[PDB]
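Q: One structure coming up, written as structure tokens, with questions to follow.
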Amino acid sequence: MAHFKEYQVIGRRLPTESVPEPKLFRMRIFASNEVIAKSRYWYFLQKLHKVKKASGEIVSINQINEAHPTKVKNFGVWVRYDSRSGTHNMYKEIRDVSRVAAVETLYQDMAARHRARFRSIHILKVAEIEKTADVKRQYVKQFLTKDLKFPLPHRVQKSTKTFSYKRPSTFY
Amino acid sequence: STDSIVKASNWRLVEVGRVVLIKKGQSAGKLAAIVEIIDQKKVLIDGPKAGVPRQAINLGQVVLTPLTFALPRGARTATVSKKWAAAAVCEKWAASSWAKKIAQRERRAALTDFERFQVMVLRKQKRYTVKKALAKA
Amino acid sequence: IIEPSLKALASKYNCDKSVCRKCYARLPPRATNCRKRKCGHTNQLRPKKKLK
Amino acid sequence: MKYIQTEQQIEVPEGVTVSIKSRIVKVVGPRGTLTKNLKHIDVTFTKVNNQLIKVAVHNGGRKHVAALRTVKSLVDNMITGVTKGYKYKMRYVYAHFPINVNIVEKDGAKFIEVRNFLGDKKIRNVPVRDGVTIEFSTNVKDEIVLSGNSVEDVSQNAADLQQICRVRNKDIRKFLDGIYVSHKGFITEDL
Amino acid sequence: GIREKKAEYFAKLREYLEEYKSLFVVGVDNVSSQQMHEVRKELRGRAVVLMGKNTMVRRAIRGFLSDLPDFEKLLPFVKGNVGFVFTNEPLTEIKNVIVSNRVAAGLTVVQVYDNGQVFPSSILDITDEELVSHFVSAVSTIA
RNA sequence: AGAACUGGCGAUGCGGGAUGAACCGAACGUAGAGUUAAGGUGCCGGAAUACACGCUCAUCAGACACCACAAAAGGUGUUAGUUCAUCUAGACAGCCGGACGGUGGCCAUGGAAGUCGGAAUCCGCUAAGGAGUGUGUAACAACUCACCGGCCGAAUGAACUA
RNA sequence: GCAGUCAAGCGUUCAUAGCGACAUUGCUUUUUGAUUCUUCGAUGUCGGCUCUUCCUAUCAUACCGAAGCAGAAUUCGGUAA
Ligand SMILES: [Mg+2]
Ligand SMILES: [Mg+2]
Ligand SMILES: [Mg+2]
Ligand SMILES: [Mg+2]
Ligand SMILES: [Mg+2]
Ligand SMILES: [Mg+2]
Ligand SMILES: [Mg+2]
Ligand SMILES: [Mg+2]
Ligand SMILES: [Mg+2]
Ligand SMILES: [Mg+2]
Ligand SMILES: [Mg+2]
Ligand SMILES: [Mg+2]
Ligand SMILES: [Mg+2]
Ligand SMILES: [Mg+2]
Ligand SMILES: [Mg+2]
Ligand SMILES: [Mg+2]
Ligand SMILES: [Mg+2]
Ligand SMILES: [Mg+2]
Ligand SMILES: [Mg+2]
Ligand SMILES: [Mg+2]
Ligand SMILES: [Mg+2]
Ligand SMILES: [Mg+2]
Ligand SMILES: [Mg+2]
Ligand SMILES: [Mg+2]
Ligand SMILES: [Mg+2]
Ligand SMILES: [Mg+2]
Ligand SMILES: [Mg+2]
Ligand SMILES: [Mg+2]
Ligand SMILES: [Mg+2]
Ligand SMILES: [Mg+2]
Ligand SMILES: [Mg+2]
Ligand SMILES: [Mg+2]
Ligand SMILES: [Mg+2]
Ligand SMILES: [Zn+2]
């Protein structure tokens with residue numbers, strides 16, 4: 001729930017003599033360590049299949065490192081979340097370098113705007129919007145123009161010492 | 001006058017190939033190139049020659065230099081090195097009062113006690129010959 | 001007395017207004033909201049009533 | 001959502017210079033010169049040519065972006081006002097007590113004096129503002145006309161005069177008397 | 001509905017590109033509604049005029065590049081306010097019915113299509129004298 | 001006011017909640033050194049005017065469990081989002097051209113030709129043009145708009161959610 | 001006791017100028033109750049008189065916005081103790 005890692009979690013039902021070799025199930029899971037990952041795998045599984053962990057086991061847990069972690073990407077993010085009065089589905093886009101990067105601002109962005117803590121949010125699907133102009137949310141289309149350049153008006157150099165023998169300039 | 005006068009602030013822009021001086025962290029004090037723009041607060045930089053690793057960096061911990069070379073947007077590390085070299089960016093950096101002062105600052109901080117002593121003396125030596133100048137006209 | 005086109009001109013200022021049903025603000029005749037902040041910018045407008 | 005670049009254009013017609021420094025604008029054309037302090041807004045000007053200047057707001061939120069356009073208009077009405085220039089016409093409306101409107105002065109003032117408003121033994125006085133000049137139409141009855149380089153100052157004076165004739169304690173639907181604005185165009189380019 | 005009436009147009013545009021062999025791209029900049037009505041009467045015999053929205057035409061034509069393909073080079077001509085006159089009557093008579101009559105203060109040709117070729121309507125307005133002294137100065141070159 | 005299980009106060013100081021029996025942390029011989037809890041770190045005050053992404057401007061902002069209250073209902077403030085519809089077969093907005101024929105359609109009458117008004121709303125030629133949206137005329141005129149298109153080039157409208 | 005939200009109706013016509021039913025959200029602590037924490041090694045109570053200060057849910061006065069405001073008169077509302 002913090003600095004995020006992405007996990008594959010592969011699990012299954014406990015084998016019965018009647019059903020040796022039950023079917024294996026997988027999720028991609030974003031958590032900060034692997035304990036929370038495994039715990040999340042059950043949370044969801046319990047809501048999809050009829051299973052609790054006391055009646056199942058976790059087969060594998062492997063980290064999914066970003067394939068091209070220095071290529072800037074436009075992400076599609078689908079989300080299901082709880083407001084104070086309803087629960088809702090929600091699409092938004094995020095431009096970043098990795099999935100793990102993206103999800104973290106996703107998780108912050110949900111708190112900033114809709115005041116949604118981590119607990120009240122399900123990450124439905126996340127995906128690299130292949131062809132630009134499949135980007136729809138303007139606040140990313142805005143960065144896609146040819147030869148995009150912009151200044152950073154009003155520079156504010158932080159100070160090392162509390163007194164200054166000159167009136168500062170903000171000029172970048 | 002009889003022209004229209006408009007002075008426009010002439011900011012360093014964040015633009016592919018804007019070259020930036022890194023402010024904080026393991027790659028502090030080193031130069032990198034801006035390779036692609038992530039968003040209004042975040043870019044992709046790569047600093048091949050100086051040994052700073054192609055990374056997403058928060059624009060806040062970097063300061064834009066006034067230098068700019070030609071670079072295709074989102075160019076892998078390699079061709080940055082090729083392009084940066086071609087353009088002679090280190091060469092133009094070193095030539096600036098900005099790059100020079102940093103050098104001075106480090107030189108000063110490197111002085112032995114004995115060396116500080118010597119500066120004092122020679123500075124006395126120069127002083128004397130200045131004051132007189134400052135009195136012949 | 002007072003010619004039609006001036007009676008008209010005068011009414012542009014005096015009678016073609018709308019009014020907030022909450023605070024009574026004299027509002028532009030095509031207003032969609034009151035401009036006063038005390039009635040929380042309500043959209044509950046009515047037309048200023050016309051004379052006899 | 002913070003729009004990274006958003007900007008607007010100001011056409012500089014033949015015969016005027018607009019010069020700008022620390023957001024203090026000076027417009028100089030045929031009719032003379034106006035200046036305006038736009039300090040209260042973070043916008044940056046840029047000249048492309050002597051006929052075109054751009055106003056841009058970098059990384060602006062909505063209400064920041066709103067200020068952009070209004071900067072263009074303000075500057076525009078500086079330009080046109082110093083080329084074409086502004087002129088407001090009004091009319092005396094009164095249903096029984098003829099409104100007497102004359103120019104007076106004390107201390108080289110120039111006021112607008114308004115007598116007999118609905119029978120009022122009081123006299124109303126509206127200062128005539130600098131660089132706005134007052135005339136009276138010769139064929140059009142009960143007219144009054146206010147002209148000058150600056151809309152703001154010409155508009156406002158017209159509005160000071162309308163507002164001094166406001167009718168109190170009567171049904172202002174019946175009692176329509178007053179000096180109301182009837183036209184607003186330029187000094188030049190027909191009427 | 002609003003798609004039908006397009007494919008409708010699409011239909012009756014195609015129908016002409018097949019039936020008639022020759023084509024007139026006519027500019028109708030300005031030109032009153034009454035003018036065109038009387039270009040209909042005056043031409044009612046053979047030719048048919050067919051007006052439309054450009055983006056509907058550039059698309060339909062390209063959408064017909066399977067069969068009848070050298071209608072593709074028709075496209076750098078369907079700019080501005082233009083339209084189509086279709087015919088099987090000979091060149092000049094129509095173009096002169098078009099250019100000349102119902103002119104006041106008249107719609108004008110801008111390019112012509114003929115079996116996969118393109119006239120400037122300049123090469124149409126021939127002199128026959130140039131066609132006389134080119135067969136003459138070549139018999140003078142031969143002699 | 002009155003019961004259930006448990007933990008407390010009473011009988012109990014200590015650290016935190018400014019304050020305070022009962023909350024949180026933790027229970028106590030005399031002390032040194034270290035580390036922490038709960039709670040804090042602009043200044044009062046020991047401890048980053050630390051780092052990071054958003055959000056918010058209040059002529060009544062807001063600022064931390066127990067706790068020292070606020071509700072129905074509203075807001076074209078501003079943010080993110082949803083559904084429906086339009087749009088690369090070119091919309092929306094903006095500038096620009098066309099706005100035609102039966103035809104002054106029928107009544108009615110000083111006259112009323114699209115526009116006092118009763119009654120119908122048909123056709124032609126169309127890419128399109130109402131038996132007419134308004135201005136206008138004594139009645140025509142003239143102008144306007146719907147309707148179609150030239151340009152432009154990716155968005156637009158409506159209802160909602162918090 | 002005081003104030004709202006909805007808008008069926010009153011209001012010749014017209015929900016909302018001025019009112020407002022069925023219902024519904026609230027506020028106040030000059031009503032009356034409920035409670036019984038404080039004070040029974042106690043020190044009266046009501047009303048008035050006199051005098052000061054405070055509240056604002058404003059009766060008057062100042063300036064306004066509304067009207068079923070022609071005028072006069074009134075009525076509703078705002079800033080306002
Ligand atoms: Mg300075
Ligand atoms: Mg600068
Ligand atoms: Mg007005
Ligand atoms: Mg002023
Ligand atoms: Mg009144
Ligand atoms: Mg009265
Ligand atoms: Mg205890
Ligand atoms: Mg006891
Ligand atoms: Mg204790
Ligand atoms: Mg407290
Ligand atoms: Mg203090
Ligand atoms: Mg301290
Ligand atoms: Mg500070
Ligand atoms: Mg709580
Ligand atoms: Mg809102
Ligand atoms: Mg036009
Ligand atoms: Mg037009
Ligand atoms: Mg008429
Ligand atoms: Mg007409
Ligand atoms: Mg699209
Ligand atoms: Mg919703
Ligand atoms: Mg009724
Ligand atoms: Mg009514
Ligand atoms: Mg007791
Ligand atoms: Mg008692
Ligand atoms: Mg006692
Ligand atoms: Mg009050
Ligand atoms: Mg009435
Ligand atoms: Mg009366
Ligand atoms: Mg009376
Ligand atoms: Mg009365
Ligand atoms: Mg009331
Ligand atoms: Mg007092
Ligand atoms: Zn209001």
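If you're wondering about the labels, chains in the structure tokens are A, B, ... by order shown, residues count from 1 in each chain, ligands from 1 in order shown.
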For ligand 14, list the contacting residues at 12 Å or closer, counting only C-alpha atoms (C1' of nucleotides) and all ligand atoms, as a list in words.
A: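 If we count only C-alpha atoms (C1' of nucleotides) and all ligand atoms, the neighbours of ligand 14 turn out to be residues 64, 65, 66 and 67 of chain F.
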Q: Selection from above, N, CA and C atoms (P, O5', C5', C4', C3', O3' and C1' of nucleotides), as a PDB file, in the first residue's frame, can you write it?
A:
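So out_12.pdb came out as:
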```pdb
ATOM      1  P     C F  64      -8.917  20.029  14.605  1.00  0.00           P
ATOM      2  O5'   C F  64      -8.982  18.528  15.088  1.00  0.00           O
ATOM      3  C5'   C F  64     -10.014  17.699  14.603  1.00  0.00           C
ATOM      4  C4'   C F  64      -9.615  16.270  14.737  1.00  0.00           C
ATOM      5  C3'   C F  64      -8.822  15.974  15.996  1.00  0.00           C
ATOM      6  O3'   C F  64      -9.224  14.716  16.490  1.00  0.00           O
ATOM      7  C1'   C F  64      -7.553  15.386  14.085  1.00  0.00           C
ATOM      8  P     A F  65     -10.084  14.679  17.825  1.00  0.00           P
ATOM      9  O5'   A F  65     -10.886  13.315  17.720  1.00  0.00           O
ATOM     10  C5'   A F  65     -11.299  12.835  16.457  1.00  0.00           C
ATOM     11  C4'   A F  65     -11.596  11.376  16.551  1.00  0.00           C
ATOM     12  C3'   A F  65     -12.477  10.987  17.715  1.00  0.00           C
ATOM     13  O3'   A F  65     -13.848  11.127  17.414  1.00  0.00           O
ATOM     14  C1'   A F  65     -10.576   9.626  17.700  1.00  0.00           C
ATOM     15  P     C F  66     -14.758  12.159  18.221  1.00  0.00           P
ATOM     16  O5'   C F  66     -14.772  11.594  19.703  1.00  0.00           O
ATOM     17  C5'   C F  66     -15.298  10.310  19.968  1.00  0.00           C
ATOM     18  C4'   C F  66     -15.089   9.883  21.393  1.00  0.00           C
ATOM     19  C3'   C F  66     -15.551  10.839  22.460  1.00  0.00           C
ATOM     20  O3'   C F  66     -16.946  10.804  22.646  1.00  0.00           O
ATOM     21  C1'   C F  66     -13.464   9.907  23.054  1.00  0.00           C
ATOM     22  P     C F  67     -17.680  12.033  23.357  1.00  0.00           P
ATOM     23  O5'   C F  67     -17.086  13.287  22.598  1.00  0.00           O
ATOM     24  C5'   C F  67     -17.917  14.331  22.156  1.00  0.00           C
ATOM     25  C4'   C F  67     -17.092  15.491  21.684  1.00  0.00           C
ATOM     26  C3'   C F  67     -16.187  15.222  20.495  1.00  0.00           C
ATOM     27  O3'   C F  67     -16.091  16.432  19.774  1.00  0.00           O
ATOM     28  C1'   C F  67     -14.886  15.966  22.293  1.00  0.00           C
TER      29        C F  67
END
```
Q: May I ask you to write as a VMD selection string all residues lying at most 9 Å from ligand 29, with only C-alpha atoms (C1' of nucleotides) and all ligand atoms counted?
A: chain G and resid 69 to 73
Q: Write out as a Markdown table the residues of chain B that have any atom within 9 Å of an atom of chain D, one row each with the nearest atom pair and its distance in Å to one decimal, counting only C-alpha atoms, sorted by chain and then rising number.
A:
```
| residue | atom | partner | partner_atom | distance |
| --- | --- | --- | --- | --- |
| B:1 | CA | D:17 | CA | 8.6 |
| B:2 | CA | D:17 | CA | 6.3 |
| B:3 | CA | D:17 | CA | 5.8 |
| B:4 | CA | D:17 | CA | 4.5 |
| B:5 | CA | D:19 | CA | 4.2 |
| B:6 | CA | D:20 | CA | 5.1 |
| B:7 | CA | D:21 | CA | 6.4 |
| B:8 | CA | D:46 | CA | 5.4 |
| B:9 | CA | D:44 | CA | 7.5 |
| B:40 | CA | D:4 | CA | 7.6 |
```
Q: Can you write out the residues you just picked, keeping C-alpha atoms, as a compact mmCIF listing (two decimals), in the first residue's frame?
A:
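To be explicit, this is the file written out as part-v2.txt:
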```
# COMPACT_ATOMS: atom_id res chain seq x y z
CA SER B 1 9.96 55.39 -30.20
CA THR B 2 7.66 54.40 -33.01
CA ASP B 3 8.03 50.69 -32.82
CA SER B 4 5.87 48.47 -30.65
CA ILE B 5 8.05 47.46 -27.72
CA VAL B 6 7.46 44.09 -26.01
CA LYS B 7 10.11 42.51 -23.83
CA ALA B 8 9.12 38.90 -23.26
CA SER B 9 10.66 36.86 -20.42
CA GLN B 40 4.06 19.13 -16.09
```
Q: Apply DSSP to the backbone of this structure and, from region 12-127 of chain B, keep only the residues in alpha helix (DSSP H); write these as a ChimeraX atom specification.
A: /B:77-87,89-94,97-108,113-127
Q: What do you get as a PDB file with N, CA and C atoms (P, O5', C5', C4', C3', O3' and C1' of nucleotides), in the first residue's frame if you pick all residues at most 8 Å from ligand 21, counting only C-alpha atoms (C1' of nucleotides) and all ligand atoms?
A:
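Output contents, as saved in part03.pdb:
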```
ATOM      1  N   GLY A  86     -22.218   5.871  -2.353  1.00  0.00           N
ATOM      2  CA  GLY A  86     -22.501   4.945  -3.433  1.00  0.00           C
ATOM      3  C   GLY A  86     -21.253   4.169  -3.699  1.00  0.00           C
ATOM      4  N   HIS A  88     -18.902   3.056  -7.355  1.00  0.00           N
ATOM      5  CA  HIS A  88     -18.899   3.548  -8.725  1.00  0.00           C
ATOM      6  C   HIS A  88     -17.804   2.941  -9.538  1.00  0.00           C
ATOM      7  N   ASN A  89     -17.973   2.952 -10.851  1.00  0.00           N
ATOM      8  CA  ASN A  89     -16.871   2.609 -11.748  1.00  0.00           C
ATOM      9  C   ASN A  89     -16.298   3.879 -12.367  1.00  0.00           C
TER      10      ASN A  89
ATOM     11  P     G F  81     -11.573  12.111 -15.142  1.00  0.00           P
ATOM     12  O5'   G F  81     -12.944  11.477 -14.683  1.00  0.00           O
ATOM     13  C5'   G F  81     -12.985  10.184 -14.120  1.00  0.00           C
ATOM     14  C4'   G F  81     -14.338   9.877 -13.538  1.00  0.00           C
ATOM     15  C3'   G F  81     -15.458   9.559 -14.510  1.00  0.00           C
ATOM     16  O3'   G F  81     -15.393   8.243 -15.020  1.00  0.00           O
ATOM     17  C1'   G F  81     -16.241  11.042 -12.862  1.00  0.00           C
ATOM     18  P     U F  82     -15.813   7.960 -16.536  1.00  0.00           P
ATOM     19  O5'   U F  82     -17.345   7.599 -16.436  1.00  0.00           O
ATOM     20  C5'   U F  82     -17.814   6.792 -15.376  1.00  0.00           C
ATOM     21  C4'   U F  82     -19.314   6.852 -15.269  1.00  0.00           C
ATOM     22  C3'   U F  82     -20.075   6.803 -16.577  1.00  0.00           C
ATOM     23  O3'   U F  82     -20.193   5.495 -17.100  1.00  0.00           O
ATOM     24  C1'   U F  82     -20.969   8.496 -15.204  1.00  0.00           C
ATOM     25  P     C F 160     -30.702  16.762 -13.978  1.00  0.00           P
ATOM     26  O5'   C F 160     -30.145  15.402 -13.378  1.00  0.00           O
ATOM     27  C5'   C F 160     -29.093  15.391 -12.429  1.00  0.00           C
ATOM     28  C4'   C F 160     -28.301  14.122 -12.565  1.00  0.00           C
ATOM     29  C3'   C F 160     -27.313  13.851 -11.459  1.00  0.00           C
ATOM     30  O3'   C F 160     -27.931  13.271 -10.344  1.00  0.00           O
ATOM     31  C1'   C F 160     -26.282  13.485 -13.559  1.00  0.00           C
ATOM     32  P     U F 161     -27.403  13.677  -8.903  1.00  0.00           P
ATOM     33  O5'   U F 161     -26.019  12.896  -8.800  1.00  0.00           O
ATOM     34  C5'   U F 161     -25.988  11.482  -8.689  1.00  0.00           C
ATOM     35  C4'   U F 161     -24.576  10.949  -8.602  1.00  0.00           C
ATOM     36  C3'   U F 161     -23.699  11.542  -7.524  1.00  0.00           C
ATOM     37  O3'   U F 161     -23.917  10.921  -6.286  1.00  0.00           O
ATOM     38  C1'   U F 161     -22.513  11.468  -9.547  1.00  0.00           C
ATOM     39  P     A F 162     -24.000  11.818  -4.972  1.00  0.00           P
ATOM     40  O5'   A F 162     -22.483  11.933  -4.513  1.00  0.00           O
ATOM     41  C5'   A F 162     -21.636  10.793  -4.427  1.00  0.00           C
ATOM     42  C4'   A F 162     -20.196  11.219  -4.358  1.00  0.00           C
ATOM     43  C3'   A F 162     -19.863  12.124  -3.175  1.00  0.00           C
ATOM     44  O3'   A F 162     -18.483  11.985  -2.853  1.00  0.00           O
ATOM     45  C1'   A F 162     -19.427  13.274  -5.146  1.00  0.00           C
TER      46        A F 162
END
```
Q: Give the residues close to ligand 7, within 9 Å, counting only C-alpha atoms (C1' of nucleotides) and all ligand atoms; write them as a PyMOL selection string.
A: chain F and resi 8-9+12+22+27
Q: Would you work out the distance separating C1' of residue 16 (chain G) from atom 1 (Zn, counted along the ligand's line) of ligand 34, expressed in Å to one decimal?
A: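 Interatomic distance here is 15.0 Å.
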Q: Please find the residues of chain F near chain E - the criterion being any atom within 10 Å, counting only C-alpha atoms (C1' of nucleotides) - and write them as a ChimeraX atom specification.
A: /F:88-90,97-101,125-129,148-151
Q: For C1' of residue 54 (chain G) and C1' of residue 1 (chain G), determine how far apart the two atoms are, in Å to one decimal place.
A: 21.6 Å
Q: Residues at most 12 Å from residue 102 (chain B), counting only C-alpha atoms (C1' of nucleotides), excluding those fewer than 5 positions away in the same chain, as a count of residues only?
A: 11
Q: Write as a list in words the residues around ligand 27, taking 12 Å as the cut-off and counting only C-alpha atoms (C1' of nucleotides) and all ligand atoms.
A: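 The distance check yields residues 55, 56, 57, 58, 78, 79, 80 and 81 of chain G.
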Q: Restricting the calculation to only C-alpha atoms, which member of D:78, D:93, D:191, D:103 is positioned closest to chain C?
A: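 Ranked by minimum distance to chain C, first place goes to D:93.
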Q: Name all residues at most 8 Å from region 127-129 of chain D (count only C-alpha atoms (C1' of nucleotides); drop same-chain ones fewer than 6 positions away) and give them as a list in words.
A: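 The residues satisfying every condition are residues 109, 110, 111, 112, 153, 154 and 157 of chain D.
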Q: Give me a file of those residues, with N, CA and C atoms, as a PDB file, in the first residue's frame.
A:
```pdb
ATOM      1  N   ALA D 109     -13.264  72.969 -13.115  1.00  0.00           N
ATOM      2  CA  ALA D 109     -13.795  71.625 -12.961  1.00  0.00           C
ATOM      3  C   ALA D 109     -14.358  71.060 -14.254  1.00  0.00           C
ATOM      4  N   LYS D 110     -15.518  71.587 -14.651  1.00  0.00           N
ATOM      5  CA  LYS D 110     -16.431  70.981 -15.642  1.00  0.00           C
ATOM      6  C   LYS D 110     -17.226  69.840 -14.997  1.00  0.00           C
ATOM      7  N   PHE D 111     -18.481  70.127 -14.693  1.00  0.00           N
ATOM      8  CA  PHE D 111     -19.398  69.155 -14.134  1.00  0.00           C
ATOM      9  C   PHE D 111     -20.568  68.944 -15.081  1.00  0.00           C
ATOM     10  N   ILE D 112     -21.366  67.907 -14.856  1.00  0.00           N
ATOM     11  CA  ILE D 112     -22.668  67.848 -15.507  1.00  0.00           C
ATOM     12  C   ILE D 112     -23.723  68.232 -14.485  1.00  0.00           C
ATOM     13  N   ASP D 153     -13.491  55.324 -19.159  1.00  0.00           N
ATOM     14  CA  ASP D 153     -13.720  56.638 -18.611  1.00  0.00           C
ATOM     15  C   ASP D 153     -14.931  57.282 -19.272  1.00  0.00           C
ATOM     16  N   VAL D 154     -15.215  56.890 -20.504  1.00  0.00           N
ATOM     17  CA  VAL D 154     -16.354  57.442 -21.234  1.00  0.00           C
ATOM     18  C   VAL D 154     -17.647  56.731 -20.857  1.00  0.00           C
ATOM     19  N   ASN D 157     -18.511  57.730 -17.076  1.00  0.00           N
ATOM     20  CA  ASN D 157     -19.097  59.053 -16.972  1.00  0.00           C
ATOM     21  C   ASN D 157     -20.558  58.997 -17.413  1.00  0.00           C
TER      22      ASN D 157
END
```
Q: For chain A against chain D, which residues fall within 8 Å using only C-alpha atoms, given as a PyMOL selection string?
A: chain A and resi 139+142+150-151+153
Q: Would you list the contacts of residue 37 (chain B) as a tab-separated table (two decimals) with N, CA and C atoms, in the first residue's frame, taking every protein, DNA or RNA residue within 10 Å and counting only C-alpha atoms (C1' of nucleotides), but skipping same-chain residues closer than 6 positions in sequence?
A:
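out.tsv, written as the output of this step:
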```tsv
chain	number	residue	atom	x	y	z
A	72	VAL	N	8.27	6.22	-21.85
A	72	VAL	CA	7.13	6.96	-21.33
A	72	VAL	C	5.87	6.42	-21.95
A	95	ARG	N	-0.12	9.30	-17.53
A	95	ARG	CA	1.12	9.22	-18.29
A	95	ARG	C	2.28	9.02	-17.32
A	96	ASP	N	3.02	7.92	-17.49
A	96	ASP	CA	4.21	7.63	-16.67
A	96	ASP	C	5.12	6.59	-17.31
A	143	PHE	N	-0.23	16.64	-23.62
A	143	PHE	CA	1.22	16.45	-23.62
A	143	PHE	C	1.73	15.75	-24.86
A	144	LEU	N	0.83	15.48	-25.81
A	144	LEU	CA	1.16	14.63	-26.95
A	144	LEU	C	1.46	15.39	-28.24
A	148	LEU	N	6.53	19.51	-28.10
A	148	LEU	CA	5.94	20.05	-26.89
A	148	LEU	C	7.02	20.71	-26.07
A	149	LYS	N	6.85	22.00	-25.82
A	149	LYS	CA	7.78	22.71	-24.95
A	149	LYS	C	7.09	23.78	-24.14
B	14	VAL	N	11.47	23.52	-20.86
B	14	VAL	CA	11.67	22.08	-20.80
B	14	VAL	C	11.21	21.54	-22.16
B	15	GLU	N	12.18	21.00	-22.87
B	15	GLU	CA	11.99	20.54	-24.23
B	15	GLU	C	13.04	19.48	-24.51
B	16	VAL	N	12.64	18.39	-25.17
B	16	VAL	CA	13.58	17.37	-25.58
B	16	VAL	C	14.91	17.99	-26.01
B	43	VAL	N	9.98	14.55	-15.96
B	43	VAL	CA	10.54	14.26	-17.26
B	43	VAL	C	11.42	13.02	-17.26
B	44	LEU	N	11.87	12.69	-18.46
B	44	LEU	CA	12.74	11.55	-18.63
B	44	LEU	C	14.08	12.15	-18.92
B	45	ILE	N	15.09	11.83	-18.13
B	45	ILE	CA	16.39	12.33	-18.47
B	45	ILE	C	17.36	11.19	-18.60
B	56	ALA	N	13.27	8.50	-14.92
B	56	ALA	CA	12.21	9.44	-14.66
B	56	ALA	C	12.67	10.24	-13.47
B	59	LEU	N	10.99	17.14	-11.92
B	59	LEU	CA	11.62	18.37	-12.43
B	59	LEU	C	12.21	19.27	-11.35
B	73	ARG	N	12.80	13.02	-29.99
B	73	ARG	CA	12.09	12.73	-28.75
B	73	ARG	C	12.21	11.25	-28.39
B	74	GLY	N	12.41	10.97	-27.10
B	74	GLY	CA	12.49	9.60	-26.62
B	74	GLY	C	13.52	8.80	-27.38
```
Q: What separation in Å, quoted to one decimal, exists between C1' of residue 92 (chain F) and atom 1 (Mg, counted along the ligand's line) of ligand 20?
A: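 Going from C1' of residue 92 (chain F) over to atom 1 (Mg, counted along the ligand's line) of ligand 20 covers 11.8 Å.
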Q: Using only C-alpha atoms (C1' of nucleotides) and all ligand atoms, what are the residues with an atom within 10 Å of ligand 22, set out as a list in words?
A: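 My answer, listing the contacting residues, is residues 9, 10, 11, 13, 14 and 15 of chain G.
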Q: Which chains and residue numbers are within 12 Å of ligand 12, counting only C-alpha atoms (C1' of nucleotides) and all ligand atoms, if I want them as an MDAnalysis selection string?
A: chainID F and resid 41:49
